[PDB]
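**Q** Generate coordinates for the sequence data below:
(chains A and B)
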There are 2 protein chains.
Amino acid sequence: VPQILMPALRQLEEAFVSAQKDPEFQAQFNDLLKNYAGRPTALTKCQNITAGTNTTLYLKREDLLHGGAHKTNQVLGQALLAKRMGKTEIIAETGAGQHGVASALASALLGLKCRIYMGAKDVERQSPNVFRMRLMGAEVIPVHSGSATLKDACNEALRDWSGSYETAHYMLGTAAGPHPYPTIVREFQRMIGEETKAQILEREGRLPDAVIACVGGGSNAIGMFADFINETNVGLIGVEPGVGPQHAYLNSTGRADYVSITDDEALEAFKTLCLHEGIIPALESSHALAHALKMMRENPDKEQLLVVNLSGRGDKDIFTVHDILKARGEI
Amino acid sequence: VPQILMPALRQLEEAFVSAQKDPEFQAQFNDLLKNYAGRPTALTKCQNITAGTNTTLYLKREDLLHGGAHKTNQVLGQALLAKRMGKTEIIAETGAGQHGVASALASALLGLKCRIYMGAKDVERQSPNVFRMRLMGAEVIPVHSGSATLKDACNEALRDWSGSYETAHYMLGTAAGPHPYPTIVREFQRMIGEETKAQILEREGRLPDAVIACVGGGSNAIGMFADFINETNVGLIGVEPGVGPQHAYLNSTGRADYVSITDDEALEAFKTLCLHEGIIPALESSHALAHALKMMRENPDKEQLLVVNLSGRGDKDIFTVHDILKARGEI
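**A** Numbering: from 1, shown residues only, chains lettered A, B, ... in the order given. And now the structure:
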């Protein structure tokens, strides 16, 4: 960390630690989470699929949220944290514009002045989200230096912050940043696992045997696994299709068993869930679902309780599946 | 009603009446509603907008549901009702394909054999939803007779039912059909108002002074108003932009005050909500929001509690607003 950002990061960590000890904070953070990020998502038991075996499968429906919800998650948390710190403006960078639109929203809400750096190229290929951020009252600063893209808009926001942290909080999108960011971020994303844990106890009176979740960035596996890292008697299967922080963190916890799934297994699963559960999974969920399917199918009798984290763009990458199938002739 | 459908409709009404007296039914209907239609939606208090006045404004966030949710609402209710009746197959017609995809889903779930009539023209201009219905295991029957469109696919489904009601339930999409359909439908849509009512009592300890909702088909105003029809001390403002069953029903209840809103007022509102609440409303909600805004602005002191029903495609018809604005030069 450049010695110039030390002050900003320390006062941030100081504030985070405080807010984490304030039930009044956690309280407001939860109201926002309900009102603006559509939480808690449902946890739904699949009965047709497990029929004939002793597996009880549950899907954590993050698929029903609207896009960007998971980004809204950490910005609601940070916007709130900034307000706590008495900040008045917010600085964020954006690529596709999801994060930017999340910062603007959180910003309008808590009444913070928001400015969002965005690479010139992205601003062009992104009218909609740019129109949204503006509509929301944020200010979109295009960046043409360097590649005129994310790394640029990002480098630029950081320079801005490093000269204005006294009144502006820098809204981080990724979980990969200087301390205490990865914590704050991991923290404002842990409700997935928290809800799952509480939900699973309420319906099954016990924790799950294993929690399968496709790991591979933006999968938000850490979000689902966070609250189980210290539930040692609960297995954490991370599914890999066919380094990134996602893995970085998961490796260090020492408790994620990685496994691989193959395009056919994915499609098998994808097709199975549509047919029996009436749920069109995304390809990312499909791999996780494929592994659960394998665990069940392998030992039909092992009485096991599994939870699969459902990723999201189910009816967005419904097209590449139409292709995969029209291609492979199965169409 | 053709004398041939009398038997089917009577056994349906008989079953509906029974299921309505079974808390076990209403129980299962609610689990489905949670797990598959993302219910209850949030009810969020807007504080920035009312700031400076005695109005307390609440928006019923139906905008955060995924498209077709409201259709999923009555099919979950009917699919369940059919299972109750011991039916084994389901018949539905579809235009855009939303209703069809809803029937397939509900169908796969409760394990019912589903067949969906769809006009040939729509089948063509609708690959995605058709692929979805099929993926879900339903059978899509194209219709080329007549106009080769909805009225055709509809007339065809009906003929089919009228010869198979003994084992197949006809899934109605609209609320406009023979008795007892409009009831069943109005019934499997009333949770919006029910949630609002309970939610508003929990937070404000009293019912709202008025409930504004843009009326004009597919607005699902009846859904929001249903549970307030007999809460006489609560005003029902129906907002008209600038006959349909929506109005038909609302007129007969004798308790909806209609009012008109103008494109500018809408845009005013639309723009206001984005800026202060960080919420991009749809144009339909915008008119309803415009009227609430007028009620507040007119008498800044009247201490009033309002609830506005939020329609939905907020970031879908975000484009025609971009136009309206680029057009009108305000861009």
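**Q** Look at the residue in the stretch 201-331 of chain A that chain B sits nearest to and say how many residues are nearby.
**A** Using CB to the nearest CB, the single residue of the stretch 201-331 of chain A nearest to chain B is residue A:278, 3.5 Å away. C-betas here are computed from N, CA, C, even on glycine. Other residues lying near residue A:278 total 27 when counted by other CB atoms under 10 Å in any protein chain shown.
**Q** I'd like the distance between it and residue B:4.
**A** Note on residue A:278: its distance to residue B:4, by CB to CB, to the nearest Å, is 32 Å.
**Q** picking that back up, quick one: residues contacting the residue of the stretch 201-331 of chain A closest to chain B.
**A** Applying CB atoms under 8 Å, 6 or more residues apart in numbering or on different chains, we find residue A:278 in contact with B:36, B:104, B:105, B:106, B:107, B:108, B:109, B:136.
**Q** please redo it, this time with the cut-off set to 6 Å
**A** B:105, B:108, B:109, B:136 (CB atoms under 6 Å, 6 or more residues apart in numbering or on different chains).
**Q** so which of these is the most crowded?
**A** residue B:105 (28 neighbours).
**Q** Can you pull the phi/psi pair for that residue?
**A** phi -60, psi -60 (degrees, to the nearest 10).
**Q** Could you find the closest non-adjacent residue to it?
**A** residue A:278 (3.9 Å; CB to CB, 6 or more residues apart in numbering or on different chains).
**Q** Point to the residue nearest the middle of chain A.
**A** The centroid of chain A falls nearest to residue A:220 when counting by CA atoms, centre = their mean (3.8 Å).
**Q** does the nearest residue to that one once chain neighbours are set aside sit in a helix, a strand or a coil?
**A** Counting by CB to CB, 6+ apart, the nearest residue to residue A:220 once its immediate chain neighbours are dropped is residue A:70, at 5.4 Å. The three-state label given to residue A:70 by DSSP: H, G, I helix; E, B strand; the rest coil is helix.
**Q** what about residue A:70, distance to chain B?
**A** Residue A:70 sits 14 Å away from chain B, taking CB to the nearest CB, to the nearest Å as the criterion.
**Q** Could you pull up the residues touching residue A:279?
**A** residue A:273.
**Q** which element is it on?
**A** Using DSSP states H and E, residue A:279 falls within no helix or strand.
**Q** And residue A:16, by the same measure?
**A** Using DSSP H and E, residue A:16 sits in helix A:6-20.
**Q** picking up where we left off before, I'd like to know how many residues surround the residue nearest to residue A:220.
**A** Residues near residue A:70, counting by other CB under 10 Å: 20.
**Q** roughly how far apart are it and residue B:229?
**A** From residue A:70 to residue B:229 the distance is 39 Å (CB to CB).
**Q** One more: residue A:64?
**A** Residue A:64 is 30 Å from residue B:229, where distance means CB to CB.
**Q** Over to residue A:320?
**A** 47 Å.
**Q** And residue A:53, by the same measure?
**A** According to CB to CB, residue A:53 stands 48 Å off from residue B:229.
**Q** Repeat that for residue A:105.
**A** Residue A:105 is 35 Å from residue B:229, by CB to CB.
**Q** Near chain B, which residues of the stretch 101-250 of chain A are found?
**A** Applying CB under 6 Å from any CB of the partner chain, we find that the stretch 101-250 of chain A lies next to chain B at A:105, A:108, A:109, A:131, A:135, A:136, A:137.
**Q** can you pull out the helices in the stretch 151-300 of chain A?
**A** A:181-187, A:191-204, A:221-225, A:245-252, A:263-277, A:283-298 (DSSP state H, counting those that start in this stretch).
**Q** same deal with the stretch 1-150 of chain A?
**A** Under DSSP H, counting those that start in this stretch, the stretch 1-150 of chain A gives helices at A:6-20, A:23-37, A:69-84, A:98-109, A:120-124, A:127-135, A:150-161.
**Q** of these, which approaches residue A:183 most closely?
**A** Residue A:183 sits nearest to helix A:6-20 of all the helices of the stretch 1-150 of chain A, at 7.0 Å, using CB to CB.
**Q** What residues sit buried inside the closest one?
**A** Judged by neighbour count (16 or more other CB atoms under 10 Å in any protein chain shown), helix A:6-20 contains these buried residues: A:8, A:9, A:12, A:15, A:16, A:19.
**Q** which among those gets closest to residue B:214?
**A** residue A:19 (39.4 Å).
**Q** Hmm, residue A:25 and that closest one touching each other?
**A** Yes - counting by CB atoms under 6 Å, residue A:19 touches residue A:25, with 4.2 Å between them.
**Q** Leaving out sequence neighbours, find the closest residue to residue A:196.
**A** In space, residue A:196 comes closest to residue A:60 once its chain neighbours are excluded; the distance is 5.1 Å by CB to CB, 6+ apart.
**Q** Run through the bridge partners of the one you found.
**A** residue A:43, residue A:309 (DSSP bridges).
**Q** Now do the contacts for it.
**A** A:43, A:196, A:309.
**Q** re the thing from before, now the helices of the stretch 151-300 of chain A in JSON lines, with mean neighbour count?
**A** Shown next, in JSON lines, are the helices of the stretch 151-300 of chain A (neighbours: other CB atoms under 10 Å in any protein chain shown):
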{"stretch": "helix A:181-187", "mean neighbour count": "19"}
{"stretch": "helix A:191-204", "mean neighbour count": "18"}
{"stretch": "helix A:221-225", "mean neighbour count": "29"}
{"stretch": "helix A:245-252", "mean neighbour count": "16"}
{"stretch": "helix A:263-277", "mean neighbour count": "20"}
{"stretch": "helix A:283-298", "mean neighbour count": "24"}
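**Q** These: which one's closest to residue B:255?
**A** helix A:191-204 (39.4 Å).
**Q** Which neighbouring elements make contact with that closest one?
**A** Applying 3 or more CB pairs under 6 Å, 6 or more residues apart in numbering or on different chains; DSSP states H and E, one finds that helix A:191-204 makes contact with helix A:221-225.
**Q** now with 8 Å?
**A** Counting contacts by 3 or more CB pairs under 8 Å, 6 or more residues apart in numbering or on different chains; DSSP states H and E, helix A:191-204 packs against strand A:43-46, strand A:56-60, helix A:221-225, strand A:305-309.
**Q** will you turn these into a markdown table that also has distance to residue B:331?
**A** Compiled in a markdown table, the helices and strands packed on helix A:191-204 are given as follows (distance: least, CB to CB, whole Å):
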| stretch | distance to residue B:331 |
| --- | --- |
| strand A:43-46 | 44 |
| strand A:56-60 | 42 |
| helix A:221-225 | 38 |
| strand A:305-309 | 42 |
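**Q** of the ones you listed, which approaches residue B:236 most closely?
**A** Nearest of the helices and strands packed on helix A:191-204 to residue B:236, taken as CB to CB: strand A:43-46 at 34.6 Å.
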